[PDB]
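Visitor: Hey, dropping start_34.pdb in here, PDB, N, CA, C and O atoms:
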```
MODEL        1
ATOM      1  N   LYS A   1     -13.626  -5.738  10.953  1.00  0.00           N
ATOM      2  CA  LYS A   1     -12.439  -4.881  11.215  1.00  0.00           C
ATOM      3  C   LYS A   1     -12.816  -3.431  10.954  1.00  0.00           C
ATOM      4  O   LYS A   1     -13.622  -3.138  10.063  1.00  0.00           O
ATOM      5  N   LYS A   2     -12.223  -2.524  11.724  1.00  0.00           N
ATOM      6  CA  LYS A   2     -12.495  -1.101  11.566  1.00  0.00           C
ATOM      7  C   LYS A   2     -11.718  -0.554  10.373  1.00  0.00           C
ATOM      8  O   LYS A   2     -10.484  -0.541  10.382  1.00  0.00           O
ATOM      9  N   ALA A   3     -12.440  -0.111   9.348  1.00  0.00           N
ATOM     10  CA  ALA A   3     -11.802   0.437   8.153  1.00  0.00           C
ATOM     11  C   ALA A   3     -12.289   1.858   7.905  1.00  0.00           C
ATOM     12  O   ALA A   3     -13.360   2.246   8.379  1.00  0.00           O
ATOM     13  N   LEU A   4     -11.505   2.625   7.162  1.00  0.00           N
ATOM     14  CA  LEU A   4     -11.868   3.999   6.851  1.00  0.00           C
ATOM     15  C   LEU A   4     -12.156   4.126   5.367  1.00  0.00           C
ATOM     16  O   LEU A   4     -12.117   3.137   4.633  1.00  0.00           O
ATOM     17  N   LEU A   5     -12.426   5.346   4.930  1.00  0.00           N
ATOM     18  CA  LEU A   5     -12.705   5.595   3.519  1.00  0.00           C
ATOM     19  C   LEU A   5     -11.401   5.674   2.741  1.00  0.00           C
ATOM     20  O   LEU A   5     -10.501   6.437   3.097  1.00  0.00           O
ATOM     21  N   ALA A   6     -11.303   4.886   1.676  1.00  0.00           N
ATOM     22  CA  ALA A   6     -10.097   4.874   0.852  1.00  0.00           C
ATOM     23  C   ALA A   6     -10.323   4.067  -0.417  1.00  0.00           C
ATOM     24  O   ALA A   6     -11.338   3.381  -0.558  1.00  0.00           O
ATOM     25  N   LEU A   7      -9.364   4.133  -1.334  1.00  0.00           N
ATOM     26  CA  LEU A   7      -9.471   3.384  -2.576  1.00  0.00           C
ATOM     27  C   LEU A   7      -8.709   2.073  -2.447  1.00  0.00           C
ATOM     28  O   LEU A   7      -7.484   2.063  -2.317  1.00  0.00           O
ATOM     29  N   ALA A   8      -9.449   0.973  -2.483  1.00  0.00           N
ATOM     30  CA  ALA A   8      -8.856  -0.358  -2.350  1.00  0.00           C
ATOM     31  C   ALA A   8      -7.834  -0.618  -3.441  1.00  0.00           C
ATOM     32  O   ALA A   8      -6.930  -1.440  -3.282  1.00  0.00           O
ATOM     33  N   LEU A   9      -7.998   0.085  -4.536  1.00  0.00           N
ATOM     34  CA  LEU A   9      -7.103  -0.046  -5.672  1.00  0.00           C
ATOM     35  C   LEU A   9      -5.755   0.565  -5.349  1.00  0.00           C
ATOM     36  O   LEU A   9      -4.753  -0.136  -5.219  1.00  0.00           O
ATOM     37  N   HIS A  10      -5.756   1.883  -5.193  1.00  0.00           N
ATOM     38  CA  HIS A  10      -4.539   2.604  -4.856  1.00  0.00           C
ATOM     39  C   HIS A  10      -3.915   1.905  -3.684  1.00  0.00           C
ATOM     40  O   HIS A  10      -2.703   1.713  -3.608  1.00  0.00           O
ATOM     41  N   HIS A  11      -4.796   1.510  -2.793  1.00  0.00           N
ATOM     42  CA  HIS A  11      -4.428   0.786  -1.599  1.00  0.00           C
ATOM     43  C   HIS A  11      -3.410  -0.279  -1.926  1.00  0.00           C
ATOM     44  O   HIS A  11      -2.416  -0.459  -1.224  1.00  0.00           O
ATOM     45  N   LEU A  12      -3.674  -0.986  -3.004  1.00  0.00           N
ATOM     46  CA  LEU A  12      -2.787  -2.053  -3.432  1.00  0.00           C
ATOM     47  C   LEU A  12      -1.503  -1.455  -3.954  1.00  0.00           C
ATOM     48  O   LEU A  12      -0.400  -1.863  -3.576  1.00  0.00           O
ATOM     49  N   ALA A  13      -1.663  -0.463  -4.802  1.00  0.00           N
ATOM     50  CA  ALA A  13      -0.513   0.232  -5.369  1.00  0.00           C
ATOM     51  C   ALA A  13       0.291   0.850  -4.238  1.00  0.00           C
ATOM     52  O   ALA A  13       1.504   1.019  -4.332  1.00  0.00           O
ATOM     53  N   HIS A  14      -0.416   1.184  -3.178  1.00  0.00           N
ATOM     54  CA  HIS A  14       0.189   1.787  -2.003  1.00  0.00           C
ATOM     55  C   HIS A  14       1.030   0.766  -1.275  1.00  0.00           C
ATOM     56  O   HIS A  14       2.209   0.987  -1.005  1.00  0.00           O
ATOM     57  N   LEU A  15       0.434  -0.371  -0.998  1.00  0.00           N
ATOM     58  CA  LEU A  15       1.172  -1.432  -0.351  1.00  0.00           C
ATOM     59  C   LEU A  15       2.359  -1.694  -1.215  1.00  0.00           C
ATOM     60  O   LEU A  15       3.461  -1.965  -0.754  1.00  0.00           O
ATOM     61  N   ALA A  16       2.092  -1.596  -2.495  1.00  0.00           N
ATOM     62  CA  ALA A  16       3.116  -1.821  -3.495  1.00  0.00           C
ATOM     63  C   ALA A  16       4.176  -0.747  -3.404  1.00  0.00           C
ATOM     64  O   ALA A  16       5.347  -0.984  -3.685  1.00  0.00           O
ATOM     65  N   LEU A  17       3.750   0.437  -3.009  1.00  0.00           N
ATOM     66  CA  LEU A  17       4.660   1.563  -2.887  1.00  0.00           C
ATOM     67  C   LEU A  17       5.783   1.245  -1.930  1.00  0.00           C
ATOM     68  O   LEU A  17       6.958   1.424  -2.262  1.00  0.00           O
ATOM     69  N   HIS A  18       5.439   0.761  -0.758  1.00  0.00           N
ATOM     70  CA  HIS A  18       6.480   0.425   0.199  1.00  0.00           C
ATOM     71  C   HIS A  18       7.081  -0.893  -0.184  1.00  0.00           C
ATOM     72  O   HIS A  18       8.301  -1.060  -0.202  1.00  0.00           O
ATOM     73  N   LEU A  19       6.208  -1.807  -0.547  1.00  0.00           N
ATOM     74  CA  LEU A  19       6.663  -3.109  -1.002  1.00  0.00           C
ATOM     75  C   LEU A  19       7.764  -2.875  -2.008  1.00  0.00           C
ATOM     76  O   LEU A  19       8.717  -3.642  -2.112  1.00  0.00           O
ATOM     77  N   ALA A  20       7.615  -1.787  -2.741  1.00  0.00           N
ATOM     78  CA  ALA A  20       8.604  -1.433  -3.748  1.00  0.00           C
ATOM     79  C   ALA A  20       9.908  -1.079  -3.075  1.00  0.00           C
ATOM     80  O   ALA A  20      10.920  -1.760  -3.251  1.00  0.00           O
ATOM     81  N   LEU A  21       9.875  -0.021  -2.291  1.00  0.00           N
ATOM     82  CA  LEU A  21      11.062   0.418  -1.573  1.00  0.00           C
ATOM     83  C   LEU A  21      11.634  -0.740  -0.780  1.00  0.00           C
ATOM     84  O   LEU A  21      12.838  -0.990  -0.796  1.00  0.00           O
ATOM     85  N   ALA A  22      10.754  -1.439  -0.088  1.00  0.00           N
ATOM     86  CA  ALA A  22      11.154  -2.580   0.728  1.00  0.00           C
ATOM     87  C   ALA A  22      11.902  -3.610  -0.107  1.00  0.00           C
ATOM     88  O   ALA A  22      12.843  -4.249   0.369  1.00  0.00           O
ATOM     89  N   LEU A  23      11.473  -3.777  -1.348  1.00  0.00           N
ATOM     90  CA  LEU A  23      12.107  -4.742  -2.241  1.00  0.00           C
ATOM     91  C   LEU A  23      13.289  -4.116  -2.953  1.00  0.00           C
ATOM     92  O   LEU A  23      14.341  -4.734  -3.111  1.00  0.00           O
ATOM     93  N   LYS A  24      13.090  -2.896  -3.402  1.00  0.00           N
ATOM     94  CA  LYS A  24      14.123  -2.176  -4.130  1.00  0.00           C
ATOM     95  C   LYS A  24      15.261  -1.733  -3.218  1.00  0.00           C
ATOM     96  O   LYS A  24      16.425  -1.767  -3.614  1.00  0.00           O
ATOM     97  N   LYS A  25      14.930  -1.295  -2.018  1.00  0.00           N
ATOM     98  CA  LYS A  25      15.953  -0.823  -1.090  1.00  0.00           C
ATOM     99  C   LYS A  25      16.693  -1.988  -0.452  1.00  0.00           C
ATOM    100  O   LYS A  25      16.113  -2.757   0.318  1.00  0.00           O
ATOM    101  N   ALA A  26      17.979  -2.101  -0.759  1.00  0.00           N
ATOM    102  CA  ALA A  26      18.800  -3.160  -0.196  1.00  0.00           C
ATOM    103  C   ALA A  26      19.508  -2.650   1.052  1.00  0.00           C
ATOM    104  O   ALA A  26      19.939  -1.513   1.035  1.00  0.00           O
TER     105      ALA A  26
ENDMDL
END
```
For the structure just supplied, provide its representation as structure tokens.

Guide:
Amino acid sequence: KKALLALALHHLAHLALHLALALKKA
């Protein structure tokens, strides 16, 4: 898969970022 330069860690926290809103936002 074509990937770019980034932090796989934050990446998770990032997914978590929306996952957060997505979960928190009703």

Visitor: Among the residues of chain A, find those DSSP assigns to alpha helix (DSSP H) from the backbone and print them as a count of residues only.

Guide: 17

Visitor: Expressed in Å to a single decimal, how great is the separation between atom O of residue A:3 and atom O of residue A:18?

Guide: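 Rounded to one decimal, the two atoms are 23.5 Å apart.
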
Visitor: Tell me, in Å to one decimal, how far atom O of residue A:8 is from atom CA of residue A:24.

Guide: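 According to the coordinates, atom O of residue A:8 and atom CA of residue A:24 are separated by 21.1 Å.
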
Visitor: What does the distance between atom CA of residue A:20 and atom O of residue A:7 come to in Å, to one decimal place?

Guide: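 For atom CA of residue A:20 relative to atom O of residue A:7, the distance reads 16.5 Å.
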